[PDB]
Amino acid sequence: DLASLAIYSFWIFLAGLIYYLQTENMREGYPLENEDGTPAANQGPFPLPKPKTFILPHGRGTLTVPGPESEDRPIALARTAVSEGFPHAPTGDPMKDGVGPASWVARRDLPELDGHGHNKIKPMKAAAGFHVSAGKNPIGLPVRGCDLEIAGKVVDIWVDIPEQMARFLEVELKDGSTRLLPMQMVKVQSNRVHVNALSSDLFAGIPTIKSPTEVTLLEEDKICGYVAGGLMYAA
């Protein structure tokens, strides 16, 4: 019967489609590893996908995935049990060391470029036209931590230019240097910006950027990872 043949065929295709979809989804992170970093005997029933390449714009090279993978950063944790399945505990200061929910990835130490090849994220001070067009403007407001003390004042917004969105508040500290604070980790209020993740004295340890007008993908991850990490490690 043709309806019968169609539903039976469709189920064969869907098995095919799922298997294809699972292998596509194994382009990062696989092969699986034991907790000592050696590959795992068991890798599941789906084969690793054959490599694919992306040509990056703006002379930035190419990425091939899957491919030999490496944290190229040291990881300050130690195993907690002889057998697998247990937590690995920070050996050091997990916020300075970038582990657990303070983790950052070794992304390229180059800023994300827009379609024209210009830095995608720039402080309002370096981006013509841009301005708070609605809601409470944070600039010059005091930045307050979960300890309820003041860490600094907002001296700028770092803006995703193409998207026209506020990505970071730049906050000036006692010693007159500054740090980026992700917008999604701040509650802009009437009288203050409140940062629940960090106490006022953990702002100075936010990783610093190499340039006063640009932020690299590597710095963004260090910064965002550090700030998210405070929710656990400053509690």
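Counting begins at 1, following the sequence as shown. If you superpose the two forms and keep the largest set of C-alpha atoms that fall within 1.5 Å, you have the rigid core.
Between 195-203 and 36-44, greater CA displacement relative to the shown form is found for 36-44 when the structures in 9 other deposited structures of this protein are fitted on the core.
The stretch that strays farther, by root mean square C-alpha distance over structures and residues in 9 other deposited structures of this protein after a rigid core fit, is 68-76, when 68-76 is set against 153-161. 32-40 and 166-174 differ in mean CA B-factor, and the higher of the two is recorded for 166-174. Averaged over Cα atoms, the B-factor as recorded in the entry is higher for 66-74 than for the other of 179-187 and 66-74. Highest CA B-factor among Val99, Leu110, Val154, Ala89, as stated in the entry: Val154. Ranked by C-alpha B-factor against the other modelled residues of its chain, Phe130 falls in the highest third. When all modelled residues of the chain are sorted by CA temperature factor, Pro94 is found within the lowest third. The PDB entry assigns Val193 a C-alpha temperature factor belonging to the highest third of its chain's modelled residues. In the deposited entry, the Cα temperature factor of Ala6 sits in the middle third of values across the chain's modelled residues. Annotation for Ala81: C-alpha temperature factor in the highest third relative to the rest of the modelled chain, per the entry.
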